[PDB]
Amino acid sequence: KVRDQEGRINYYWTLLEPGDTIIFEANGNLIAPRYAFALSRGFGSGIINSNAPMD
Amino acid sequence: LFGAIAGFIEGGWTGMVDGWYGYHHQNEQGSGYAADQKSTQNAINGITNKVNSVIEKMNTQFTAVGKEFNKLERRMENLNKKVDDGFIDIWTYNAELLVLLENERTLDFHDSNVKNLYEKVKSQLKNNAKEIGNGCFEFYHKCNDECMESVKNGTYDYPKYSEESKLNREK
């Protein structure tokens, strides 16, 4: 029981290319997308794990 | 090494505050401390360009070192660790050795500048003055502030005092 639950939701993601179609078929057990995100790649960066004020 | 600094010239002067290399004269009017502006300026230009060459030769592009991997990718984590540690080791060795060798280049440069100044003054004075060690000259003739300044800027006029110096020397 993680977080007072025993069933699990497995999460998946994909990157639709410009001018491409995604098809969802399901007869059960689908947590459907509602909000997607439009992205443009930037300079290679990372994530900083820190406890410091932002200025 | 050239033998001037910590050599035939023993120690430095806390009195001289306007430059690295210079003169200390003693006449009837008084004593003093004057820096040789030409040699000091050349040394300043050289050292400034050395420091700038060391600093501005390091150019990088926007990079992020950190990466995260899951448990089933340990050859990844180890390869990333290897590249990081290798770059750190190479840069540490290079920086340490570069500073170590450039310190000897700078100190040798200062020693050479002092020796060159001594040799210039010696060739200017010729036999009009006597060397008494410690980088110090004793005049066979009588010099005022004009003579001292003349020795300092590089226009000594040896023939002007040659006869009097000959009379005082051969006695």
Side-chain angles (χ1 to χ4, degrees), chain B residues 1-27 29-63 65 86-141 143-162 165:
Chain B
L1 199 83
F2 297 82
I5 298 175
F8 64 85
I9 304 168
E10 218 280 343
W13 294 331
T14 315
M16 172 174 352
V17 292
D18 53 336
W20 279 327
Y21 334 116
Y23 321 87
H24 174 70
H25 72 281
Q26 172 74 87
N27 277 355
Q29 298 155 299
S31 34
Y33 284 109
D36 196 53
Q37 285 173 26
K38 186 214 292 287
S39 64
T40 304
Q41 190 63 74
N42 290 11
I44 286 162
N45 296 331
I47 298 303
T48 300
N49 178 71
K50 178 181 284 197
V51 174
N52 292 351
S53 296
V54 176
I55 293 176
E56 322 177 335
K57 247 46 163 163
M58 254 278 311
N59 294 316
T60 58
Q61 191 54 248
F62 195 91
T63 45
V65 174
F87 288 144
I88 291 163
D89 287 355
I90 289 167
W91 283 114
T92 315
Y93 195 73
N94 282 8
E96 283 163 313
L97 280 207
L98 169 95
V99 170
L100 280 190
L101 301 173
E102 281 205 15
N103 292 355
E104 213 90 60
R105 299 300 291 181
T106 299
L107 298 176
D108 296 344
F109 184 57
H110 289 304
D111 201 334
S112 165
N113 289 344
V114 174
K115 194 174 187 16
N116 290 1
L117 194 40
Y118 180 81
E119 293 307 317
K120 271 180 49 169
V121 170
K122 183 160 110 43
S123 69
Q124 244 166 99
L125 299 171
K126 287 162 196 294
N127 54 18
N128 276 1
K130 192 201 348 156
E131 301 167 60
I132 50 172
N134 224 325
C136 186
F137 295 91
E138 213 185 36
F139 289 85
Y140 285 130
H141 51 106
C143 276
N144 43 339
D145 293 337
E146 307 310 309
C147 169
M148 299 279 135
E149 207 41 36
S150 289
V151 178
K152 292 187 196 156
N153 36 22
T155 66
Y156 169 58
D157 199 8
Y158 165 91
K160 207 180 130 93
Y161 317 96
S162 71
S165 302

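The chains referred to below are lettered A, B, ... by the order of the sequence lines, with proteins before strands, and numbering in each begins at 1.
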(request) Mark yes when over 12 heavy atoms from residues, nucleotides or ligands other than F62(B) sit less than 6.0 Å from its CZ; otherwise mark no. (result)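 Enclosed.
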Under the 3.5 angstrom rule, does the side chain of [X] hit a backbone N or O of [Y] as a donor-acceptor pair?
X: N45(B); Y: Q41(B); answer: yes
X: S112(B); Y: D108(B); answer: no
X: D36(B); Y: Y23(B); answer: no
X: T40(B); Y: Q37(B); answer: no

Ignoring hydrogens, what is the shortest heavy-atom contact between [X] and [Y]? Give both atom names and the distance.
X: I5(B); Y: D111(B); answer: N-OD1, 3.3 Å
X: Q124(B); Y: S150(B); answer: OE1-O, 3.8 Å
X: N128(B); Y: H141(B); answer: O-CD2, 3.7 Å
X: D145(B); Y: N27(B); answer: N-ND2, 4.1 Å
X: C147(B); Y: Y156(B); answer: SG-CE1, 4.2 Å
X: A4(B); Y: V114(B); answer: CB-CG1, 3.7 Å

To the nearest 0.5 Å, tell me how far [X] [atom1] sits from [Y] [atom2].
X: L98(B); Y: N103(B); atom1: CG; atom2: CG; value: 9.0 Å
X: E56(B); Y: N49(B); atom1: CD; atom2: CG; value: 8.5 Å
X: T106(B); Y: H110(B); atom1: OG1; atom2: NE2; value: 6.0 Å
X: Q26(B); Y: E138(B); atom1: CD; atom2: CD; value: 11.5 Å
X: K152(B); Y: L117(B); atom1: NZ; atom2: CG; value: 11.5 Å

Are [X] and [Y] packed together at the side-chain level, in the sense that at least one heavy-atom pair is separated by less than 4.5 angstrom?
X: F137(B); Y: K130(B); value: no
X: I47(B); Y: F109(B); value: yes
X: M148(B); Y: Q29(B); value: no

(message) If only side-chain N and O atoms count, and only distance matters, is there a donor-acceptor pair under 3.5 Å linking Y158(B) with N127(B)?
(response)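 Note: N127(B) and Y158(B) side chains meet the donor-acceptor criterion.
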(message) Looking only at the side chains, is there a donor atom on one of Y21(B) and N113(B) sitting less than 3.5 Å from an acceptor on the other?
(response)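 Short answer, yes.
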(message) Evaluate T48(B) against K50(B) for side-chain contact (heavy atoms from CB on, under 4.5 Å), listing each step before the verdict.
(response) CA-CA 5 Å; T48(B) 300; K50(B) 178 181 284 197; over 6 Å; no
(request) Name the orientation class of the two ring planes belonging to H24(B) and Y33(B) (parallel below 30°, tilted from 30 to 60°, perpendicular beyond 60°). (result)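 Geometry flag for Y33(B) against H24(B): tilted rings.
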(request) Answer with yes or no after comparing the ring centroid distance for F8(B) and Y118(B) against a 6.0 Å cut-off, counting only values under it. (result)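 Judged by ring-centre distance (under 6.0 Å), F8(B) and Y118(B) do meet the cut-off.
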